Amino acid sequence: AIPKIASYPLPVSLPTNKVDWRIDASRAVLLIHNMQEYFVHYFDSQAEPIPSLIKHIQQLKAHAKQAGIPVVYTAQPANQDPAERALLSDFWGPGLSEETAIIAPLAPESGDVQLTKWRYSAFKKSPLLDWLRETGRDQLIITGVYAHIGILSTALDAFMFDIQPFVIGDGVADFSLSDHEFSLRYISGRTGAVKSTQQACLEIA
């Protein structure tokens, strides 16, 4: 199951990157990954890391808009058909039946694309890759939950599809600080660049 997640502080220190990539507003898309009521409610939303996570994603979204970076959301649909949900059910059960809305502080606006999420990777069973390729966007800024699961899997697919992933270290959260930090170390070492919210904002500008 997803645990009841004990409060923990968002990390400030981030791993060093092996790559020198920088976010370019002409190349990038901002993904807000699985910030649904369902997933967020495994935390106490009034306790760390959630207030600061939300603030950081809000800020990045506002800066993205100002810079002309498209924003895309992922969200799982309720009551997934067992044949379509497939092997996920063997790990997580039948899945959400409610609480599908994106949390209000991160409400999608009319021009923000909302993709249906079927697997850990946002690319699977979705038009994400075709859209990025059609529009010539080859950087994906990744925020949301959970760092070691769909954030990581989406970054791996992006990387393998020749899209530079930028995972925002204080713009994701996870089941624990340990899982969160290990995820960032894995990403920096193997499959993307990790940036702070402040650094990503500076690069976007």
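Start at 1 with the first residue shown and count on from there.
- The stretch with the higher mean CA B factor, choosing between 92-100 and 125-133, is 125-133.
- Higher mean CA B-factor, judged across 174-182 and 148-156 from the recorded values: 174-182.
- Based on the entry's C-alpha B-factors, the most elevated value among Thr143, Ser26, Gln36, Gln164 belongs to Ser26.
- In this PDB entry, the Cα temperature factor of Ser188 sits in the bottom third of its chain's modelled residues, the lowest group.
- In the PDB entry, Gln76 places in the middle third of its chain by CA B-factor.
- In this PDB entry, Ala47 carries a Cα temperature factor that places it within the highest third of its chain's modelled residues.
- In this PDB entry, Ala64 carries a Cα temperature factor that places it within the highest third of its chain's modelled residues.
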